[PDB]
Structure formats: C-alpha cells, structure tokens
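One structure is given below, encoded as structure tokens.
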Amino acid sequence: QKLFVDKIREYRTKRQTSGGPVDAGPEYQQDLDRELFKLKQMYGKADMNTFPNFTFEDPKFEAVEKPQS
Amino acid sequence: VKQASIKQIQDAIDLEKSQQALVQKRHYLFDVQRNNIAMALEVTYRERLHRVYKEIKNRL
C-alpha cells in the first residue's frame with residue numbers, strides 16, 4: 001500500500017508537467033525521427049491530402065483491320 | 001455413257017445447293033468482333049474505381 005501510494009504520487013507529479021516527459025532526452029527526439037524516417041521509407045512518401053487522378057487510354061486495342069477484312 | 005452424264009449433272013446441282021447453306025450463317029464473325037471490343041473496353045473502366053479506392057485507403 002505504501003509503495004503503491006508513493007508511485008501514485010510520483011505519477012501525479014509526472015502529470016504535473018506542462019507537456020512531454022520530464023526528461024526530454026538528448027537522443028529520444030533523434031530516435032523518434034529515425035523511426036519516423038524508416039516508417040516513411042517503408043510505407044512510401046505520402047502527402048497530407050494529395051489525390052491524383054489520371055486516366056489512361058485503351059491499351060493494346062485489338063481490331064479487325066487486316067487486308068482480308 | 002448416258003448414265004454417267006446424269007450422275008455428273010446431279011453432282012453439280014448438289015454442290016451448288018450445299019454451298020448455299022454456309023453463306024447464311026456468315027453473321028457470327030461480326031458478333032465476335034463486337035463482343036470482344038466491348039468487353040475489352042469495359043475491363044479497364046472497372047480498374048479505375050478499384051485503383052482510386054485503394055489509393056484513398058493507404059493515406060489514412
């Protein structure tokens with residue numbers, strides 16, 4: 001019970017932070033950036049809302065055009 | 001000799017009549033052309049809907 005209440009108090013202390021971890025970490029941002037770059041490379045580059053729309057023509061149009069037609 | 005001449009004339013008549021029948025069903029080729037071109041054209045139309053939906057999903 002004593003350890004539980006102590007840890008609850010420290011969790012509330014963590015919640016007292018305005019934002020982010022108390023220890024931001026010199027390498028936490030670098031690791032997050034590396035992971036984000038890896039995810040972007042794996043999943044491919046994507047814009048916020050880009051929705052391209054290009055339609056091709058009929059491919060390999062087969063016809064009856066021949067000398068014996 | 002007379003009988004042989006009779007046989008020849010009968011064969012010529014039958015050949016002409018037989019050749020008449022095959023002419024009637026000549027319509028089948030045009031139907032094949034029409035169906036092939038129409039189906040081929042619609043196939044690519046459907047893929048565009050599929051493509052657009054997939055592209056939309058990936059972004060989310």
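Every chain in the structure tokens takes a letter, A first, then B, and so on in the order presented; its residues are numbered from 1, and the ligands are numbered from 1 following the presented order.
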Using only C-alpha atoms, determine which residues of chain B fall within 9 Å of chain A; present them as an mmCIF file with N, CA, C and O atoms, in the first residue's frame.
```cif
data_model
loop_
_atom_site.group_PDB
_atom_site.id
_atom_site.type_symbol
_atom_site.label_atom_id
_atom_site.label_comp_id
_atom_site.auth_asym_id
_atom_site.auth_seq_id
_atom_site.Cartn_x
_atom_site.Cartn_y
_atom_site.Cartn_z
ATOM 1 N N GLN B 33 -16.422 -9.934 -83.122
ATOM 2 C CA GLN B 33 -15.683 -8.674 -83.076
ATOM 3 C C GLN B 33 -16.317 -7.694 -82.093
ATOM 4 O O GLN B 33 -15.624 -7.106 -81.246
ATOM 5 N N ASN B 36 -15.910 -8.819 -78.362
ATOM 6 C CA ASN B 36 -14.534 -8.710 -77.898
ATOM 7 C C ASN B 36 -14.173 -7.261 -77.602
ATOM 8 O O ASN B 36 -13.637 -6.953 -76.528
ATOM 9 N N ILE B 37 -14.496 -6.349 -78.524
ATOM 10 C CA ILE B 37 -14.086 -4.965 -78.310
ATOM 11 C C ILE B 37 -14.820 -4.366 -77.114
ATOM 12 O O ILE B 37 -14.213 -3.673 -76.283
ATOM 13 N N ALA B 40 -13.423 -5.843 -73.764
ATOM 14 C CA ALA B 40 -12.076 -5.330 -73.554
ATOM 15 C C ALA B 40 -12.109 -3.888 -73.075
ATOM 16 O O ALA B 40 -11.305 -3.490 -72.224
ATOM 17 N N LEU B 41 -13.025 -3.083 -73.617
ATOM 18 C CA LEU B 41 -13.075 -1.684 -73.209
ATOM 19 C C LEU B 41 -13.611 -1.519 -71.785
ATOM 20 O O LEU B 41 -13.108 -0.681 -71.028
ATOM 21 N N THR B 44 -11.034 -2.220 -68.455
ATOM 22 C CA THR B 44 -10.192 -1.148 -67.935
ATOM 23 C C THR B 44 -10.989 -0.097 -67.172
ATOM 24 O O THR B 44 -10.428 0.572 -66.296
ATOM 25 N N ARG B 48 -10.248 1.452 -62.668
ATOM 26 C CA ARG B 48 -10.048 2.811 -62.173
ATOM 27 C C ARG B 48 -10.729 3.022 -60.826
ATOM 28 O O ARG B 48 -10.146 3.628 -59.916
ATOM 29 N N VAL B 52 -8.634 3.969 -57.426
ATOM 30 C CA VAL B 52 -8.894 5.172 -56.642
ATOM 31 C C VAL B 52 -9.195 4.806 -55.194
ATOM 32 O O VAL B 52 -8.693 5.447 -54.259
ATOM 33 N N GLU B 55 -5.917 3.812 -53.397
ATOM 34 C CA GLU B 55 -5.084 4.983 -53.156
ATOM 35 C C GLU B 55 -5.623 5.802 -51.995
ATOM 36 O O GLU B 55 -4.851 6.325 -51.183
ATOM 37 N N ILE B 56 -6.947 5.931 -51.904
ATOM 38 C CA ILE B 56 -7.531 6.689 -50.801
ATOM 39 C C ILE B 56 -7.249 6.008 -49.462
ATOM 40 O O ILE B 56 -6.915 6.672 -48.474
ATOM 41 N N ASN B 58 -4.793 4.011 -48.437
ATOM 42 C CA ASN B 58 -3.412 3.986 -47.945
ATOM 43 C C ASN B 58 -3.067 5.249 -47.152
ATOM 44 O O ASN B 58 -2.335 5.191 -46.147
ATOM 45 N N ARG B 59 -3.585 6.398 -47.595
ATOM 46 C CA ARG B 59 -3.239 7.675 -46.978
ATOM 47 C C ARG B 59 -3.688 7.732 -45.523
ATOM 48 O O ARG B 59 -2.949 8.205 -44.653
#
```
Out of chain A, which residues get helix (DSSP H, G or I) from DSSP, as a VMD selection string?
chain A and resid 2 to 15 28 to 43
